[PDB]
């Protein structure tokens, strides 16, 4: 039996209070794109000279960034979003190199300038905005619960005292830490590890973005998604705090794909399990 390396039963801790200052900073507002093509091209000249866009992501999130078992290629919604940025830089999307990063390493790789962008289901938060920059929102998810079809778990309070899996370094862990009385919290490196743990009955439920959970359901249709929206998860492209030019550039790409049909095509390609495509998230700008 496969045992995913890195599984930890976390020490019992008192519930954290829900923090109401979380929206103080208006986290989803970002920087307006450049008005001229020449300004935008200048802002990515260093990337262009390096010959490829270096993108941080992983292979642990089915539907978002994973290795296709048939073609062997890294693919998914997040891969395709990153490829549209590369298309804007290079003219075609294929000039991308990946740096494999866990959820807990997304901020550090940006701080250390180890990638140009992170496209890895990265929720935009005020705490993260103290450390990195973000594009406007490219997909809006919400934290829910995944359990086997025969499980009685249907609401948040059912998680108390039960074994709930979360990946380390995620907003999902922070939300589960609010539950009173606490679940038994089992943490792992990536969300695919939570699926293995549930398949082996080493946990009782998984809680994270409904988008990610839908990817797990696609791999294991014995599971289903239950419960209310537990916490908004607005995804942004993560960028080094000081590279404001790249923020504006990526926001230009997002304006393009929201309006030229590409975003709709990518949603239909990857996410129809969640329902018919909504309108793309409306961008918000500070300036």
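Residue numbers count along the first chain shown, from 1.
Set 97-105 against 213-221 and average the Cα temperature factors; 97-105 ends up higher. Annotation for 182-190 versus 117-125: the higher mean temperature factor (C-alpha) is found in 182-190.
Residues shown: 255, 242, 229, 39. Highest C-alpha temperature factor in the entry: 242. For the set 169, 72, 83, 76, the PDB entry assigns the largest Cα B-factor to 72.
In the deposited entry, the Cα temperature factor of residue 48 places it in the highest third of its chain's modelled residues. Ranked by Cα temperature factor within the chain, residue 150 sits in the middle third according to the deposited record. Among all modelled residues in this chain, the alpha-carbon of residue 261 has a temperature factor (C-alpha) in the middle third. When the modelled residues of the chain are ordered by their C-alpha B factor, residue 199 lands in the middle third. Sorting the modelled residues of the chain by their CA temperature factor places residue 59 in the highest third.
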